[PDB]
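Novice:
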Amino acid sequence: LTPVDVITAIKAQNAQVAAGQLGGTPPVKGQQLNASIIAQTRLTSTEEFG
Amino acid sequence: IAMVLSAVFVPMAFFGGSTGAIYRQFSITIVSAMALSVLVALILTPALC
Amino acid sequence: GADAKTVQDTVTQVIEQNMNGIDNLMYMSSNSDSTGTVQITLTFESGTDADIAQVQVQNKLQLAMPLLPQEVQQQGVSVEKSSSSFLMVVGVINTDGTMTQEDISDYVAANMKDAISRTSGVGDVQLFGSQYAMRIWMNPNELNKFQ
Amino acid sequence: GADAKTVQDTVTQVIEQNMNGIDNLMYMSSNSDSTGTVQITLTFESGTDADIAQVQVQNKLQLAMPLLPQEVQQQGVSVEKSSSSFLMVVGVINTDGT
Amino acid sequence: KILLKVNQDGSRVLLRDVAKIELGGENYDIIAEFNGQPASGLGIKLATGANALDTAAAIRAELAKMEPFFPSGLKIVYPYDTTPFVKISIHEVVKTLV
Amino acid sequence: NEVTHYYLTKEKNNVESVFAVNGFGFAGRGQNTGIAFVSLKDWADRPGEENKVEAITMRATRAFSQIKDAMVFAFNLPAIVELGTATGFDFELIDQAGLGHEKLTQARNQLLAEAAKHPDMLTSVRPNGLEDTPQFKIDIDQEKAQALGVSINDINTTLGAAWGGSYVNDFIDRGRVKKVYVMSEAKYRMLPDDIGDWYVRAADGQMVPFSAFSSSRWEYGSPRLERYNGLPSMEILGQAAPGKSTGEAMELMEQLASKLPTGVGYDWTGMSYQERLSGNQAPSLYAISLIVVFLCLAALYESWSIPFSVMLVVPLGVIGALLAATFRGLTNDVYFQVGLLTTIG
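Protein chains in written order, with PDB author numbering: chain A, 198 to 247; chain B, 445 to 493; chain C, 51 to 197; chain D, 51 to 148; chain E, 248 to 345; chain F, 592 to 936.
(1) In the DSSP assignment, find the unbroken alpha helix (DSSP H) run with residue 63 of chain D in it and report its ends.
(2) DSSP three-state call for residue 89 of chain D: helix, strand or coil?
(3) Among F/833, F/908, F/916, which one has its Cα closest to the Cα of residue 678 of chain F?
(4) Which of the three DSSP states is assigned to residue 658 of chain F in this structure?
(5) Does the CB of residue 206 of chain A have a neighbour CB from chain F at under 8 Å?
(6) Could you name the residues of chain F that residue 51 of chain C contacts, counting a contact when the two beta carbons are closer than 7 Å?
(7) Out of curiosity, what's the CA-to-CA distance linking residue 808 of chain F and residue 216 of chain A?
(8) Do residue 181 of chain C and residue 769 of chain F have their C-beta atoms closer together than 8 Å?
(9) Looking only at DSSP bridge pairs, what is residue 627 of chain F linked to?
(10) DSSP puts residue 81 of chain D in a beta bridge; with which residues?
(11) Please report the distance separating the alpha-carbon of residue 90 of chain D from that of residue 83 of chain D.
(12) DSSP puts residue 769 of chain F in a beta bridge; with which residues?
(13) With H, G and I counted as helix, E and B as strand and the rest as coil, what does DSSP make of residue 489 of chain B?
(14) Quick check on the burial criterion: 16 or more other C-beta atoms within 10 angstroms. Buried or exposed for residue 116 of chain D?
(15) Put residue 143 of chain D into one of helix, strand or coil per three-state DSSP.
(16) Run through chain D and tell me which residues come within less than 9 Å of residue 133 of chain C, C-beta to C-beta.
(17) Check whether the Cβ of residue 888 of chain F lies closer than 8 Å to any Cβ atom in chain B.
(18) For residue 804 of chain F and residue 850 of chain F, which I take to be in contact (beta-carbon distance under 8 Å), what is that distance rounded to the nearest angstrom?
(19) Would a C-beta distance cut-off of 8 Å place residue 178 of chain C and residue 277 of chain E closer than the cut-off?
(20) Nearest by alpha-carbon distance to residue 166 of chain C: which of C/138, C/88, C/105 is it?
(21) Would you say residue 189 of chain C and residue 776 of chain F are within 8 Å of each other, going by their C-beta atoms?
(22) Give the interface partners of residue 599 of chain F over in chain E, defined as CB-CB distance under 7 Å, in chain order.
(23) If you count every other CB in all the chains shown that lies within 10 Å of the CB of residue 76 of chain C, and 16 or more means buried, which is it?
(24) My output table needs one value for residue 663 of chain F: the three-state DSSP class, helix, strand or coil.
(25) Just to confirm, are residue 676 of chain F and residue 665 of chain F a CB contact at a threshold of 8 Å?
(26) I want to verify the contact list: residues of chain C whose CB lies under 7 Å from the CB of residue 215 of chain A, in sequence order.
(27) Assuming contact is defined by CB atoms lying nearer than 8 Å, are residue 262 of chain E and residue 270 of chain E in contact in what I supplied?
(28) Mapping DSSP to helix, strand and coil, what is residue 824 of chain F?
(29) Starting from residue 808 of chain F, follow its DSSP beta bridges and name the residues at the other end.
(30) Given that a residue counts as buried once 16 or more other Cβ atoms are within 10 Å of its Cβ, and exposed if not, what is residue 895 of chain F?
(31) Expressed to the nearest angstrom, what Euclidean distance is found between the alpha-carbon atoms of residue 891 of chain F and residue 474 of chain B?
(32) Just the C-alpha distance for residue 946 of chain F and residue 644 of chain F, rounded to the nearest angstrom, thanks.
(33) Please name the residue in E/306, E/325, E/297, E/272 whose C-alpha comes closest to that of residue 183 of chain C.
(34) Let me check understanding here. Comparing Cα to Cα, which of D/106, D/61, D/113, D/118 lies closest to residue 130 of chain D?
(35) Let me make sure I understand the geometry here. Which of D/55, D/74, D/54, D/57 has the alpha-carbon closest to that of residue 170 of chain C?
(36) Quick check on residue 60 of chain C - is its C-beta less than 8 Å from some C-beta in chain A?
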């Protein structure tokens, strides 16, 4: 293994990503639900980092 | 009369805060008017009378 | 496209952490909304001339700029001075009604937004519509068909 | 990168509304040349303090500096006060000619 | 005709075959109406120090001058205005003074 | 539109036009808030006291209470848009221990319930924040995505471009630069089920669905977050009980501040901070003005006793101002104070 691989793995899997919305504008006629979407969250524990 | 009016009206101008602005507005607008009016009554009116 | 979590944890925290050493700063308040908007209000002491406060705030934002994500940088961070809620509102209407609100909004944005800022004594102008933009609406079925 | 029409429509028309937050303001005029140089001059009324106007121009152009594409970030703009008369010109010559 | 892919048999699939291209807006989250009729307003914010009667007459003159550069049926309404109130208040104060 | 119709048909002779804006709001900016401006006709055509704005607002809000679905408030503009409701306050809870989000909301609820037990001292103590709302929670399985051969960056950009939009570049339409956006069709981003309708290309020419390596659930969460001085905060509004000064409620508020769980502090913002910072300087200003007036009078006269005869004439003029104020039903405002000042002068 190489340190570049470690840095790439840390960068890729500790990122925050936006995923949009459910029923966003412009909406289709006859809609009854509107909620947000959660995709990913940065790590918050040392064991999680391991 | 002029000094009494100044003494009773001026200290309101020193209020602080947001209300300080609308208080100093009135205090100035009365103090200047009174100061000018006393001088005018002293100088102009006797000659006209 | 982001919720409150992402906008707070990627945009607001960096700005809050990189905003020290501003003179005569009375207080501040930051609001993060689920639509993807972050609004920070810094209120200063009474009697302080506002231009130097604005320039200091902009300088600190410039210092904190490189740490922000690319998308928010592309969209554009805005620093201004707040004022009264609304002074006057002028609306544009069409009697014919054959065409939708997007046309009116794009016309007002393209041919009036630049001109209104010209007159002195107008701090800023907000528009109640969207300027024309070319939209590509995808279809997943064709993507399935043609890989 | 931008030809005559593109550099015409992409710079001045976009930075047009940026110039709002400076009082005692008269006008602005922009020129674009084939060499690749654009120059925008802003004129106020006789009596405004120049330094605050210059810094306001900078922090207000920062409003649409992100708005314009990345091409404006890399090149680097120069904003400064401008007079109209050369104070003095000193030339340097070599009598040797070597 | 933006070229996207050719596959292997020279399909020449363009952008209009995989998606629909139109001219709309960047956002749709704000919609305004005036007695039901569609409209698009213009919110104005005053500066820290500015006139009420002035800076508004120039707007009226500018709108009148730009009236010829309008399509048919385009008119302006004022669903929010404060100038008449200050006018009548000042008139009443001077009236009671006299 | 029901508001517009009601205003235009039951108030034809009072209101001239209604400008209805959807998507702006005042408490939030989402899709569930809306505002509406209403302008009246010329004042010459509205005789009587039943056509004033006060006489209109309470009729509107009384006739609008019949709808049990939405919450609609009709009112008129405050005199100054910046500050108002001096009898109120803008109390705030601050987190000073990094407790979390549920703990802060629970502390706010505890404080609200415990303040609800003092109806004679506190009135209309309500929060000005939005309660927790449901949202979708989608988890991507890293190991499965790696096994099938799809890069995580590709999955992220696909999802973001499809259901969130993306700004690509600019173009020129008619001599102006305008933006280009890329977004999925409206009929394909409404329900959770069509989550499975999107395919992603892998390395070895194979399409895989999202649901192959993804899971999802529902979670409750706040849609609007507030921070004060760099720390998480929750702001609470309130009003003083009629007939009681705000200072009397301040000791109660600090007594309630004293019994909160550890790590939850208090603060004052807005007009409350200004009131606290101003301090008690009105009596001192009155005393210094009194002393200056005495000194000036004694300067104008000679004896020390003569100025008292003029100095103790104040109550005779003050009695008329209070008598008129009580008869009419006035309030102690700045105009009344300057009236007293000019009358004593």
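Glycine is no exception: its CB is placed at the ideal position from the N, C-alpha and C atoms.
Specialist: Let's see:
(1) Numbered from 1 along the fourth sequence, position 13 holds the residue referred to as residue 63 of chain D. Counting along the chain, the alpha helix (DSSP H) containing residue 63 of chain D begins and ends at 54-65.
(2) Taking the first residue of the fourth sequence as position 1, residue 89 of chain D is located at position 39. Here residue 89 of chain D carries a strand assignment [DSSP, helix/strand/coil].
(3) Within the sixth sequence, the letter at position 87 stands for residue 678 of chain F. For the set F/833, F/908, F/916, the Cα lying nearest the Cα of residue 678 of chain F is the one of F/833.
(4) Along the sixth sequence, read from residue 1 onward, the residue named residue 658 of chain F stands at position 67. Residue 658 of chain F: coil per DSSP, three-state reduction.
(5) Numbered from 1 along the first sequence, position 9 holds the residue referred to as residue 206 of chain A. With its beta carbon at least 8 Å from every one in chain F, residue 206 of chain A lies outside the interface.
(6) Numbered from its first residue, the third sequence carries residue 51 of chain C at position 1. 751, 755, 756, listed in chain order.
(7) Sequence index remark: in the sixth sequence, residue 808 of chain F carries index 217 (1-based). Sequence index remark: in the first sequence, residue 216 of chain A carries index 19 (1-based). So the two alpha carbons sit approximately 14 Å from each other.
(8) Here residue 181 of chain C is taken as the residue at index 131 of the third sequence, counted from 1. Here residue 769 of chain F is taken as the residue at index 178 of the sixth sequence, counted from 1. Yes, these two residues count as a Cβ contact at 8 Å.
(9) As a working note, residue 627 of chain F is residue 36 in the sixth sequence. Looking at the DSSP assignment, residue 627 of chain F forms a beta bridge with F/611.
(10) Indexing the fourth sequence from 1 puts residue 81 of chain D at position 31. Answer by DSSP bridge pairing, in chain order: D/89.
(11) For the purposes of this step, residue 90 of chain D is taken as the residue at position 40 of the fourth sequence. For the purposes of this step, residue 83 of chain D is taken as the residue at position 33 of the fourth sequence. Roughly 12 Å separates the two Cα atoms.
(12) Residue mapping note: residue 769 of chain F aligns to position 178 of the sixth sequence, counting from 1. Its beta-bridge partners are F/762.
(13) Within the second sequence, residue 489 of chain B is the residue found at index 45, counting from 1. Correct three-state label for residue 489 of chain B: helix.
(14) As a position in the fourth sequence, residue 116 of chain D is number 66, starting the count at 1. Looking at its Cβ environment, which holds 16 or more other Cβ atoms inside 10 Å, residue 116 of chain D is buried.
(15) Your numbering for residue 143 of chain D matches position 93 in the fourth sequence. Of the three classes helix, strand and coil, the one that applies to residue 143 of chain D here is coil, per DSSP.
(16) What you label residue 133 of chain C is simply residue 83 of the third sequence in a count that begins at 1. The contacting residues do not exist; residue 133 of chain C stays about 11 Å from chain D at best.
(17) For this step, residue 888 of chain F is matched to residue 297 along the sixth sequence. Closer than 8 Å to some Cβ of chain B, the Cβ of residue 888 of chain F qualifies, so yes.
(18) Position 213 of the sixth sequence holds residue 804 of chain F. Position 259 of the sixth sequence holds residue 850 of chain F. That belief does not hold up - the Cβ atoms of residue 804 of chain F and residue 850 of chain F are roughly 50 Å apart, past 8 Å.
(19) Within the third sequence, numbered from 1, the residue matching residue 178 of chain C stands at position 128. Within the fifth sequence, numbered from 1, the residue matching residue 277 of chain E stands at position 30. Taking 8 Å as the Cβ cut-off, residue 178 of chain C and residue 277 of chain E qualify as a contacting pair.
(20) Here residue 166 of chain C corresponds to residue number 116 of the third sequence, with the count starting at 1. Out of C/138, C/88, C/105, C/138 has the C-alpha closest to the C-alpha of residue 166 of chain C.
(21) For the purposes of this step, residue 189 of chain C is taken as the residue at position 139 of the third sequence. For the purposes of this step, residue 776 of chain F is taken as the residue at position 185 of the sixth sequence. A contact, by the Cβ cut-off of 8 Å.
(22) Here residue 599 of chain F refers to the residue found at position 8 when the sixth sequence is read from its first residue. By Cβ distance, chain E contributes 282.
(23) For the purposes of this step, residue 76 of chain C is taken as the residue at position 26 of the third sequence. Answer is exposed; the Cβ neighbour count stays below 16.
(24) Counted from its first residue, the sixth sequence places residue 663 of chain F at position 72. Here residue 663 of chain F sits in coil by DSSP.
(25) Position 85 of the sixth sequence, counted from the first residue, corresponds to residue 676 of chain F. Position 74 of the sixth sequence, counted from the first residue, corresponds to residue 665 of chain F. Contact: no.
(26) Along the first sequence, read from residue 1 onward, the residue named residue 215 of chain A stands at position 18. Residues of chain C passing the Cβ test: 51, 52, 56.
(27) Here the question's residue 262 of chain E lines up with position 15 in the fifth sequence. Here the question's residue 270 of chain E lines up with position 23 in the fifth sequence. For residue 262 of chain E and residue 270 of chain E, no; Cβs fall outside 8 Å.
(28) Mapped onto the sixth sequence, residue 824 of chain F falls at position 233. DSSP places residue 824 of chain F in strand when its eight states are reduced to three.
(29) If you number the sixth sequence from 1, residue 808 of chain F lands on position 217. Paired residue(s): F/728.
(30) Here residue 895 of chain F refers to the residue found at position 304 when the sixth sequence is read from its first residue. The residue in question, residue 895 of chain F, is exposed, as its Cβ has fewer than 16 Cβ neighbours within 10 Å.
(31) By one-based count along the sixth sequence, residue 891 of chain F stands at place 300. By one-based count along the second sequence, residue 474 of chain B stands at place 30. Put simply, the backbone Cα of residue 891 of chain F is about 22 Å away from that of residue 474 of chain B.
(32) Past the edges of chain F, shown from 592 to 936, lies residue 946 of chain F, and the structure says nothing about it.
(33) Locating residue 183 of chain C in the third sequence gives position 133, counting from the first residue. Of E/306, E/325, E/297, E/272, the residue nearest in Cα terms is E/272.
(34) The residue given as residue 130 of chain D occupies position 80 in the fourth sequence. Here the closest residue by C-alpha is D/106.
(35) Taking the first residue of the third sequence as position 1, residue 170 of chain C is located at position 120. If we check each option's Cα against that of residue 170 of chain C, D/74 comes out closest.
(36) The sequence position of residue 60 of chain C within the third sequence is 10, counting from 1. Yes - at least one Cβ of chain A is within 8 Å of the one on residue 60 of chain C.
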